[PDB]
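Student:
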Ligand SMILES: CCCCCCCCCCCC(=O)SCCNC(=O)CCNC(=O)[C@H](O)C(C)(C)COP(=O)(O)O
Ligand SMILES: COC1=C(OC)C(=O)C(CC=C(C)C)=C(C)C1=O
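Chains as they are written, first to last, in the entry's author numbering: chain E, 14 to 128; chain H, 5 to 116; chain P, 43 to 250; chain G, 69 to 156; chain Q, 78 to 463.
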């Protein structure tokens, strides 16, 4: 049994339903974010970025972890809708000033010691 | 007779002896539904009975405030209402049942 | 023994012990332990499920009347299966006393919000959520309070690094403030200070 | 007068037009019976996006349930017909 | 919809770094949402990375209007965990400088409150007195505000030979400055119009919202930590606790002025009753030895070395220690694991709970009323954000 208590969801089905509701809300919100913050990206770029964030935590199989992730996503959406975030906060998702780092062994061997 | 109890939001109560009697009777009625061996019932019944007895034995408000040692009889009425609400909540909670879920082996060990 | 040593008060110690026994007797369902420190501070260790009842009792009981919540914070002890220790400090103005209530939780277990008992809890729980990641159920409005917008992690956890993972600067190409991985010109220097000789024999632990 | 009486054929045409406006579906492989999960190779989030596009086009909201089980154009057409009480 | 406005952080009336998001209907305030953390520096984790002596200067910068009071609270907590006792002269010095610090804080609060409401002159009149008290601070410690003077052994150094005379000279004249400020503000009909019946809070709501200090006393609650739970020598001085009856801004302003007068009274008593003796505990495993002994005797040099490199160990245990700071109850929850570095140090700031109650206090008021209510809560964001 392992005797654990829930946050919101009983199993993975309800957790997936909450995930889908959060995704719908973010997808609806993206064009308003592009308009209000005067972003130079397109709506497609924003929705692709939204999709990318969800995919990152796709592997998780625990309903409590999924519930907490949905709570955090709702908090982030609330920050975005009320314009508590600024333009810099929204653009931090895109890492525009970070130089790309190669994943190949040779590139890493050449630059430094880090694995 | 008295005005301006001195605490913002606490109005002056007229006829406080009757109000205290009603509140203590209601508290006793609510406590009557708790099991006899429960500690909350007997402790609260004891203290409420002392307060009711000293209420029924003093018609002067200033001396009653001095005897109750409860700080300005309007606050005594407020505390009686709070106790009645707590008694209802405890009847709902039933916290006299045995302990549930003893803690892990070293949950409360300090240092480390 | 006289001039440099703090004097102890035994009347307050006896009174606090008696009240701890009183509270433990009234609420056997939730009270796991009661302690009185030797500088006369009373603590009550409870099961998490009794956060709301116990507090309510302490707030509304005629003999307790702890109507002020002085502080509410968390402590992180990674070696415990339940990582986080939740601490309530309560003050009774009627009896001029203080009491401490303690419980525990882990990363995935919610604790019931105590805003219905004390209004002051509203921000404190938010801080606990921001700094430690402990979720409070039925909180009217739970979100970050201290950290920057979009900040990731809970900095008051023991495994969170002191300087964090990201740092901010102004970039002229994008004409805005940007975040990057932390790089320090001088690394913070860790000091190993503990003496290899035991200081306090009264706290020695059994050799297992 | 108000809008003309909507028929099943118009609903089917609008649904198919929306579906081929989705950049992740090839127009020629799409049919009224094609399955999003199997024939078209779309995941759950693509289905959510399709349902949102249908919501936008037909001007009414479909809950999470009653939409989580629409897996091909025919089911969407039937659901719209049932909600709009259209028989022709 | 209501109009949404950013009040601060770059605002004269924001008292530093505060993002008040207000929802307004016209100039009526429908909702206040304080956003803080613009001065969150992560003090508690940093303290976790220091020895007990190294962490003391952080308390100077928590509430940078009342420095020695925070030093006193932290020192009292460490003393309780150490089971040691400061010497009497150190305690008398602590109470004297705590009352001087209360004078400084109350001057700042009242004058900047009046400045926000629209009276600029009393600020200028009273900041000269603030500068003289800064001179007292510097003569005792070498720094004008961040003294680091009060330490868990007592005080760092003894008074210079002429300090008490100058403190007496300042104290015998400060009451006339208080009188001039009162003549400017107390009976002015514009001041009363801007303060009376503004931000009323009931006693029960004040208790349940976690208020402390004047924010209780203005509503009639008869509470004061110096009278009910005295700490150093506060049981040996005589003073009165001012109590309000309306629970509004005006009553709290009157309470703060009267508290300044009572502070002058206590300072007089402390000046007359200063005893002789040492100024830190005569225990070299806690308090560092004198320089002459450190350069003469082996044990003194060893203890100096160890106290300045590793620091003293504190027996394991947790305490909650509170004082009546000028802004309300100031507390420390300090946990020791037995080593020379604290395991956990939670700081309780009265401004935290006071600002958390801003939305309740602003119901049915206007923008300028909210500015006055911000001033009446006596908020410094160094302690609110920590
Ligand atoms: C402008 C930029 C703004 C950026 C905002 C970023 C907001 C991020 C919020 C992220 C919230 C979460 O992590 S929510 C956590 C998401 N991951 C899970 O729930 C675990 C189970 N994974 C799955 O089911 C599939 O991989 C899945 C792909 C989900 C689809 O599922 P189906 O199809 O089988 O239905
Ligand atoms: C009278 O001129 C002055 C101001 O303008 C009203 C200020 O705001 C300030 C800053 C202090 C307030 C609280 C913003 C100072 C110091 C000042 O001298």
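Ideal Cβ positions, reconstructed from N, Cα and C, are used throughout, including at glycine.
Suppose you measure from the CA of residue 169 of chain P to the CA of residue 129 of chain G; what does that come to, to the nearest Å?
Tutor: Cα to Cα, the separation comes out at about 38 Å.
Student: Which bits of chain P does residue 121 of chain Q rub up against, with CB to CB less than 8 Å?
Tutor: Going along chain P in sequence order, the residues near residue 121 of chain Q (Cβ under 8 Å) are 198.
Student: What I want to know is whether the C-beta of residue 198 of chain Q ends up closer than 6 Å to one or more non-hydrogen atoms of ligand 2.
Tutor: No.
Student: Give the residues of chain E in contact with residue 185 of chain P, contact being defined as C-beta atoms less than 8 Å apart.
Tutor: Result: 88, 91, 92.
Student: What residues in its chain sit with their C-beta under 6 Å from that of residue 364 of chain Q, if we drop five residues either side in the sequence?
Tutor: The answer, listed in chain order, is 230, 357, 358.
Student: Would you call the CB atoms of residue 324 of chain Q and residue 12 of chain H closer than 7 Å?
Tutor: Yes, they are a contact pair.
Student: Is residue 383 of chain Q close to ligand 1? I mean its beta-carbon at under 6 Å from any heavy atom of the ligand.
Tutor: Outside the cutoff, so no.
Student: Anything in chain P within Cβ reach of residue 87 of chain H, meaning under 9 Å, just list it in chain order.
Tutor: Simply 102, 103, 104.
Student: Taking only beta-carbon positions, decide if residue 218 of chain P is within less than 7 Å of chain E.
Tutor: For residue 218 of chain P, the answer is yes, since a Cβ of chain E falls inside 7 Å of its Cβ.
Student: Considering only their Cβ atoms, is the gap separating residue 97 of chain Q from residue 85 of chain Q smaller than 7 Å?
Tutor: Contact: yes.
Student: Would you kindly work out how many angstroms separate the C-alpha atoms of residue 43 of chain H and residue 76 of chain P, rounded to a whole number?
Tutor: About 17 Å.
Student: Is it buried or exposed for residue 458 of chain Q, if we count other Cβ within 10 angstroms and need 16 for buried?
Tutor: Residue 458 of chain Q should be labelled buried.
Student: Quick one: is residue 110 of chain P near chain Q, going by C-beta distance under 7 Å?
Tutor: Output row for residue 110 of chain P: interface = yes.
Student: Give me the Cβ distance between residue 406 of chain Q and residue 289 of chain Q, rounded to the nearest whole Å; I'm assuming they're in contact under 8 Å.
Tutor: Right, the Cβ-Cβ distance comes to about 4 Å (below 8 Å), so this counts as a contact.
Student: Under DSSP, the beta strand (DSSP E) around residue 90 of chain G begins and ends at which residues?
Tutor: Unbroken run through residue 90 of chain G: none, as it is neither H nor E.
Student: Report the three-state DSSP secondary structure of residue 392 of chain Q (helix, strand or coil).
Tutor: DSSP places residue 392 of chain Q in coil when its eight states are reduced to three.
Student: Identify whether residue 113 of chain P lies in helix, strand or coil by the three-state DSSP scheme.
Tutor: If DSSP states are grouped into helix, strand and coil, residue 113 of chain P belongs with the strands.
Student: Ligand 1 and residue 82 of chain E: does the residue's C-beta get closer than 6 Å to at least one heavy atom of that ligand?
Tutor: Indeed, a heavy atom of ligand 1 lies less than 6 Å from the Cβ.
Student: Tell me residue 76 of chain P's beta-bridge partners as DSSP assigns them.
Tutor: P:86.
Student: Express the C-alpha separation of residue 17 of chain E and residue 81 of chain G in angstroms, rounding to a whole number.
Tutor: So the two alpha carbons sit approximately 50 Å from each other.
Student: Pick out whichever of Q:165, Q:143, Q:205 has its Cα sitting closest to the Cα of residue 235 of chain Q.
Tutor: The candidate whose alpha carbon is nearest that of residue 235 of chain Q is Q:165.
Student: Quick one: Cα of residue 196 of chain P to Cα of residue 48 of chain H, how far?
Tutor: The straight-line gap from Cα to Cα measures roughly 44 Å.
Student: Ends of the alpha helix (DSSP H) at residue 46 of chain E?
Tutor: Residues 25-49.
Student: Taking just the CA atoms, how far does residue 121 of chain P sit from residue 383 of chain Q?
Tutor: Going from the Cα of residue 383 of chain Q to the Cα of residue 121 of chain P covers about 30 Å.
Student: Using only alpha-carbon positions, find the residue among Q:222, Q:149, Q:204, Q:408 that is nearest to residue 309 of chain Q.
Tutor: Residue Q:149 is the option with its Cα nearest to residue 309 of chain Q.
Student: Please specify which runs of the alpha helix (DSSP H), each continuous and at least 4 residues long, are wholly inside the stretch 63-95 of chain H, giving them in chain order.
Tutor: Correct list: 65-72.
Student: Select from G:92, G:79, G:75, G:135 the residue whose C-alpha is nearest the C-alpha of residue 125 of chain G.
Tutor: The shortest Cα separation from residue 125 of chain G among G:92, G:79, G:75, G:135 belongs to G:79.
Student: Could you check whether the Cβ of residue 63 of chain H sits closer than 6 Å to any heavy atom belonging to ligand 2?
Tutor: It does not: the Cβ of residue 63 of chain H is nowhere closer than 6 Å to a heavy atom of ligand 2.
Student: When you compare the stretch 88-106 of chain Q with the stretch 108-120 of chain E, are there three or more beta-carbon pairs, one atom per stretch, that lie closer than 8 Å?
Tutor: No, the stretch 88-106 of chain Q is not in contact with the stretch 108-120 of chain E.
Student: Could you check the C-alpha separation between residue 97 of chain P and residue 154 of chain P for me, to the nearest Å?
Tutor: So the two alpha carbons sit approximately 12 Å from each other.
Student: Counting Cβ pairs, one atom from each stretch, are 3 or more of them under 8 Å apart for the stretch 280-289 of chain Q and the stretch 429-442 of chain Q?
Tutor: Cβ pair count under 8 Å is three or more, so yes.
Student: Report yes or no: is there a C-beta of chain Q within less than 7 Å of the C-beta of residue 115 of chain P?
Tutor: Interface residue, yes.
Student: What residue from Q:178, Q:333, Q:414, Q:168 has the CA that sits closest to residue 452 of chain Q's CA?
Tutor: Comparing Cα positions, the closest option is Q:333.
Student: When the Cα of residue 192 of chain P is compared with those of E:124, E:117, E:85, which residue comes out closest?
Tutor: That would be E:85, whose Cα lies nearest to the Cα of residue 192 of chain P.
Student: Which residue's Cα is closest to the Cα of residue 355 of chain Q: Q:410, Q:168, Q:338, Q:244?
Tutor: That would be Q:168, whose Cα lies nearest to the Cα of residue 355 of chain Q.
Student: Confirm the yes/no value for this check: CB of residue 89 of chain Q, any heavy atom of ligand 2, distance under 6 Å.
Tutor: Yes; taking the cut-off as 6 Å, the Cβ of residue 89 of chain Q has a heavy atom of ligand 2 nearer than that.
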